[PDB]
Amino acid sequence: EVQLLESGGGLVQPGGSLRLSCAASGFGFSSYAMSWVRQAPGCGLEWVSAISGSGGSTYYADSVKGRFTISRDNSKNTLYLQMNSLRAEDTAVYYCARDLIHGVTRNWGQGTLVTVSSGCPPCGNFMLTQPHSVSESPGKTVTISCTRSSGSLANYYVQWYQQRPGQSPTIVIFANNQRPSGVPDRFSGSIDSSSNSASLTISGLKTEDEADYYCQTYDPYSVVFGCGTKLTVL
């Protein structure tokens, strides 16, 4: 029932302004934090900005620190996103996401397309690392590693999302090991604390499992999406 609908995306020139919106429903909008995640074509997820329930705390990414303005209107149940000094690098698909807490995304929107016109941006204070791609025959088991560079991994919850080609990313594993109701039980999530890594495990692969898998944790100051691992089913 939780619906997040992005709007306001369109064609724009370098150095212009554009404000996206997101009419949320299915939950008390004032009771949850919200964030924006962009994705250039054929690239990985890239966290943009975050904002808290009451709005007191706003977190911006390094690429758009100050260039963008995250904001919300809890009376209208609408999350916004003011964009200024629009650069060619900002062309991406901007998603609307709900956050159970800081840096823990739980629901995703459809998206909206923003194009700035008159190679992919990098992915990974701290960084995550997942293998480029892993493959396995159907019916077998596969595990995808996600190793954190700096800062304890057990101190910050880790999420796992699945993105099929052309689909929007859906949560499959959050809070390190917690699985959303509806996600199949063959998708398990664990964390090895000594090696400082989180692992998503799919037992008994199916042909529909073939998609991108992004891991994501946080710190008190930012959210970080892993580069992503293309799971190839044979």
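Numbers follow the displayed sequence, beginning with 1.
The entry shows a gap from residue 118 to residue 119, with 4 to 9 unmodelled residues of the deposited sequence in between. Count the deposited residues lacking coordinates between residue 124 and residue 125 and you get 1 to 3 of them.
According to the PDB record, 81 to 89 carries the higher mean C-alpha B-factor of the two stretches 81 to 89 and 103 to 111. Among all modelled residues in its chain, residue 233 ranks in the middle third by Cα B-factor. Per-chain ranking of the deposited C-alpha B factor places residue 62 in the highest third. When the modelled residues of the chain are ordered by their C-alpha B factor, residue 220 lands in the middle third.
Sorting the modelled residues of the chain by their CA temperature factor places residue 198 in the middle third. Among the modelled residues of its chain, residue 158 has a C-alpha B-factor that falls in the lowest third according to the deposited record.
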